[PDB]
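Step one of this worksheet: look at the structure below.
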Amino acid sequence: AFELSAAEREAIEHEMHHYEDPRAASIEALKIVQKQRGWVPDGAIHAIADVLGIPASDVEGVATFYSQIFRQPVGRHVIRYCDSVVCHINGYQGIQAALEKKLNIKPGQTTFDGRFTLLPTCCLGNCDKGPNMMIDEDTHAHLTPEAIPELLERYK
Amino acid sequence: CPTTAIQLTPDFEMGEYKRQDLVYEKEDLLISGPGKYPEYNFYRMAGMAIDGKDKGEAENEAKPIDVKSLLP
Amino acid sequence: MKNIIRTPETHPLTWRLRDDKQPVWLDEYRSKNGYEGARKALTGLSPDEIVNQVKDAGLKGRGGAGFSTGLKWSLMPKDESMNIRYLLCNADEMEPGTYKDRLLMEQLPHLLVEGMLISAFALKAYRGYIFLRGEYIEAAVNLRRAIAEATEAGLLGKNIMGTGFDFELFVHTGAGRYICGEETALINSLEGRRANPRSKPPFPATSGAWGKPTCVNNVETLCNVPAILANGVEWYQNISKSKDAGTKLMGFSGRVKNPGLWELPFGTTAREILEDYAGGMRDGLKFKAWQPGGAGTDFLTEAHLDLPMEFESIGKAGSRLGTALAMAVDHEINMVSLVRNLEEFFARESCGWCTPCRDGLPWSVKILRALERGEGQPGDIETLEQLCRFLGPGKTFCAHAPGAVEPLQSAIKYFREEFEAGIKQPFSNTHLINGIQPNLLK
Amino acid sequence: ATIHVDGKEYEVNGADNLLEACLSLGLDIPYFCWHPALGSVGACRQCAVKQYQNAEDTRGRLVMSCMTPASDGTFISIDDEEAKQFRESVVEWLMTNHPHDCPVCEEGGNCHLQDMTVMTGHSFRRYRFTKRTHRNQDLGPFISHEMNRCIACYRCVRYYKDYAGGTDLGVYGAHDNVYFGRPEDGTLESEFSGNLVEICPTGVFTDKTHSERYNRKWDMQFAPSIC
Ligand SMILES: NC(=O)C1=CN([C@@H]2O[C@H](COP(=O)(O)OP(=O)(O)OC[C@H]3O[C@@H](n4cnc5c(N)ncnc54)[C@H](O)[C@@H]3O)[C@@H](O)[C@H]2O)C=CC1
Ligand SMILES: Cc1cc2nc3c(=O)[nH]c(=O)nc-3n(C[C@H](O)[C@H](O)[C@H](O)COP(=O)(O)O)c2cc1C
Ligand code: SF4
Ligand code: SF4
Ligand code: SF4
Ligand code: FES
Ligand code: FES
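Chains as they are written, first to last, in the entry's author numbering: chain E, 11 to 166; chain I, 109 to 180; chain F, 1 to 442; chain G, 4 to 230.
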């Protein structure tokens, strides 16, 4: 059902060259597969294990330990709004309510169009400019609840 | 009994002619009602899944969070 | 305080920053006295001489604990058969309220590269890794470009500066766990494993990454190193009249007038930071609490605002200096909700290895949710207090759970009225069974 | 090596840890994550004792006895009130999410978790909130899987992977949703997978062949025999 592409395998072997042990490229291999496919499917665990020479249970334990390695299918764009204490003081709850009103989803769910997946992430390391959001690779700071129905409309 | 299944009831007329007939099997013991404890159901408390009660459907139990779920 | 004259004598970490918040590349970095300390170290200093020089400079760790860097470097084995050594840069920075390393790596990547080079030469470490969090896209891009520029300029790779020292530097982007910042869990995550921390002893200096000797240092410590080796021990000891040598990135965040980060000497009081640099609280806000060093530190009150930002001064007050990035809590923030958010972070960022954190942080979280909804019951505050007492140092496997229970302990100590106001219902976890008379305890 | 447990002097092996040295003396310390064949990892935090600096010390410090060497001139207390309270608290934390399953659990009467719950003296519940639950896996014809009963002591993975060399059992997940099992449903592939029913201190891994015709341990007639 799953087959690694040639570019994925070449990137995984290139990451394997950087470490003493080929096991150490497991997180990078999972992130490569996730970057190419949006998430890590079930056959990808055994594919990564077969390339790296480690058991599939080790790959699955790594993939389920880390929250950024997605293991269920997600939308085209992953909204990751900050949840920690400084953005709590700066009022992330208004941002979360605005996102849930605009998308009609609870956190951890995906829209029916498959466009957005809403996730409460950890502290984004941008606390002096809070509240913070991280769409797929872009960090948006100084969030206001009125800027969400404009911010979400440039991610088609 | 941790399920209140076995109960001693107000009835004493149990005389017999043969001593072998004083060995009561399950069809001689299982009444058609709850007895002295009318509402306790052990299986509503147990976490073991049976028919009509999935994982997370017992009392004071949360739904099973899958290990592959997206929420931290 | 807008009038900040960042001379290199008093601001060794931020004097070469740019006004447009743009990264300083290799030509501009070397123009503003770049790789001078690395040149001096690799052309006129022994590795043991550099270790003793850093030890005499009194450079402590900037990753919260304040352990002395020279003593950590001197704990490496003296065997000449152990020459597969590793230097790791803890660029994780997953603590809530911490944003200093993002600035340092996005705008001055070559300072980190030079510090990694000097520390690797001192430790005789053949390989270096920068364990960076995966949310710092721009920092990863800038660090990779800086490593490429230093490699093509001969500052990294084989036979650096003609000395014969070979050093290769890699950037390892993480996959988002707070426990990965812990150094032994950082080593486990670097090895491609689940980031469970390791018991010590043995410490990573003797048996670290892949069993080899390994030293893990924060970004800011390795940014402090090049100025130490470019100016000297006496200059680093003669910029602050305190027991903590050197400067530190400090700053207030959260409902203040100017939230940000400034480089200040140790012994600077928190009140003058908040009033001059942060500008004080915003309009119509009353200051009620603050955390000195991130989410894992104890809350302090208005009376503790006059203390100097040192390790020992804040240690004596019932807290710890931590990352020295303080967070201000105004009167409009309910302390029960704030501690509930903190404990939710700490409970879901547990690694699951050991029982008290894994099964006692969620109990405290559920108690705090009940107190926030007003559904608290008698014995909840006592349960929180014994959770604090039984999640202290040594009770859990690593230091995540003591740092989790420090805000809870401090908030119960100071703002107990809100926690007691959360309790409204009588205690009950047992329902009535029809044919059974309950044991009516007193 | 000489240790002093509760003011009583014992001669032990200094290469042992304190848990195995004290269990060899007949002292009772509760433990989960330690096994004699697997070593010490300090996960469950159940084996806490109070170590003193010397004979004239009263404050002391709670240490894990499985991770502490039984070096010469050691001073510990098992029945110290702080140590007993901490061990009972560890049992309580394990009890918070444990299912109400002992009558329908094959481990009942043979359960290390039951024994250590009774041994610490914890019998009163004050946790009032929900319990986490887990789905089970099909592990083949020999091992039955019941993940609700897990206390996350990591004994199964340490045995099956580090000791027995198996590859298809692992730990997955995080903070309090740690899952011990296979990556997918299927038969456990190790020839020594059956020792999981004695390695697991709870009823997660149970003898399925015995479970078809189950009876309790006190009802068995045993004999010493040779396979
Ligand atoms: N983002 C951040 O900067 C965060 C910082 N922290 C801080 O980190 C600290 C807790 O972390 P830990 O690593 O557990 O602290 P620690 O005090 O156990 O050790 C810190 C450093 O000292 C070294 N060390 C200490 N004693 C040693 C010895 N006897 N022999 C050899 N090396 C020794 C360790 O190897 C390590 O590099 C706290 O102070 C906390 O405030 C905590 C969370 C986040
Ligand atoms: C739960 C936990 C999280 C930590 N996270 C970080 C981190 O994100 N960055 C960091 O530099 N140190 C972190 N530390 C501290 C490290 O264990 C270690 O002390 C530090 O990375 C290097 O020490 P140094 O300050 O002497 O350089 C963390 C410690 C704990 C217990
Ligand atoms: S305190 Fe225990 S469970 Fe929590 S993060 Fe540390 S080792 Fe893991
Ligand atoms: S594992 Fe032990 S304590 Fe848990 S239900 Fe089974 S017999 Fe009871
Ligand atoms: S399944 Fe059993 S042996 Fe494995 S961690 Fe859970 S309780 Fe321990
Ligand atoms: S608390 Fe939200 S970015 Fe740090
Ligand atoms: S037996 Fe020592 S902590 Fe588990």
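Beta carbons are placed, not taken as given, at the ideal position from N, Cα and C, and that holds for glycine.
- Not a single C-beta of chain I is nearer than 9 Å to the C-beta of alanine 46(G).
- Counting C-beta atoms within 10 angstroms of its own C-beta, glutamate 110(G) has 16 or more neighbours from the protein chains shown and is therefore classed as buried.
- Taking the Cβ of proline 204(G) as the reference point, at least one heavy atom of ligand 5 falls within a distance shorter than 8 Å.
- By the criterion of a C-beta distance shorter than 8 Å, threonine 61(G) is surrounded in its chain by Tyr55, once the five residues flanking it on both sides are discounted.
- As computed with DSSP, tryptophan 262(F) is found in a beta bridge with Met250(F).
- Not one heavy atom of ligand 4 is found less than 8 Å from the C-beta of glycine 184(G).
- Those residues of the region 383–408 of chain F placed with their C-beta closer than 8 Å to a C-beta in chain G are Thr383, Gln386, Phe390, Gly394, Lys395, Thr396, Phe397, ordered along the chain.
- Of all residues in the region 159–178 of chain G, only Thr170, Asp171, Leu172, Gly173, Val174, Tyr175, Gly176, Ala177 place a beta-carbon less than 7 Å from a beta-carbon of chain E.
- Pairing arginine 198(F) with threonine 184(F) gives a Cβ-Cβ distance under 9 Å.
- By the neighbour-count definition (other C-beta atoms within 10 Å, threshold 16), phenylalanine 122(E) is an exposed residue.
- Burial of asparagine 100(G) is indicated by the presence of at least 16 other C-beta atoms within 10 angstroms of its C-beta.
- Counted as a single uninterrupted DSSP element, the stretch harbouring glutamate 343(F) is not any beta strand (DSSP E) but the alpha helix (DSSP H) occupying residues 335–348.
- Contact fails between the region 408–424 of chain F and the region 87–97 of chain G, because fewer than three Cβ pairs, one in each stretch, are under 8 Å apart.
- When secondary structure is reduced to three states using DSSP, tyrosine 76(E) falls in the coil class, being assigned neither helix nor strand.
- In this structure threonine 133(G) is not in contact with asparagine 149(I), their Cβ atoms being roughly 19 Å apart against a cut-off of 8 Å.
- Under the 9 Å criterion on CB atoms, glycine 435(F) is classed as interfacial with respect to chain I.
- For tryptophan 363(F), the nearest beta carbon of chain G is closer than 9 Å to its own beta carbon.
- Distance from the CA atom of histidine 98(E) to the CA atom of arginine 320(F), rounded to whole angstroms, is 22 Å.
- No residue range can be given for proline 204(G), since it is assigned to no beta strand (DSSP E) and is classified by DSSP as neither H nor E.
- Annotation: Cβ neighbours of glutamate 349(F) in chain E (cutoff 8 Å, chain order): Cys132.
- With fewer than 16 other CB atoms across the displayed protein chains lying within 10 angstroms of its CB, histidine 24(E) is exposed.
- Between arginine 127(F) and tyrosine 178(F), the C-beta spacing is not below 9 Å.
- Cβ contact annotation for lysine 241(F) (same chain, cutoff 8 Å, sequence separation greater than five): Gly267, in chain order.
- Under the 8 Å Cβ criterion, the region 213–231 of chain F does not count as touching the region 99–114 of chain E, having fewer than three qualifying pairs.
- According to DSSP, residue pairing for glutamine 291(F) in a beta bridge involves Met327(F).
- Pairing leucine 186(F) with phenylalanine 131(F) gives a Cβ-Cβ distance under 9 Å.
- Across the region 189–206 of chain F, CB contacts with chain E closer than 8 Å involve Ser189, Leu190, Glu191, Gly192, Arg193, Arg194, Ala195, in sequence order along the chain.
- Residue contact check for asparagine 149(I) against chain G: no CB pair falls below 9 Å.
- With 16 or more other Cβ atoms inside 10 Å of its own Cβ, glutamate 349(F) counts as buried.
- Interface residue (Cβ-Cβ distance to chain G less than 9 Å): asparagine 90(F) is not classified as such.
- Annotation: the region 190–240 of chain F contains the following complete segments of the alpha helix (DSSP H) (minimum length 4 residues), in chain order: 219–231, 233–237.
- Where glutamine 88(G) is concerned, the enclosing alpha helix (DSSP H) starts and stops at 84–98.
- At a beta-carbon threshold of 8 Å, the residues of chain F lying near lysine 144(I) are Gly435, ordered along the chain.
- DSSP lists no beta-bridge partner residue for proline 83(E).
- In the three-state DSSP reduction, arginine 48(G) falls in the coil class, being neither helix nor strand.
- Residues of chain I with a Cβ closer than 8 Å to the Cβ of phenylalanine 80(E) are, in chain order, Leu178.
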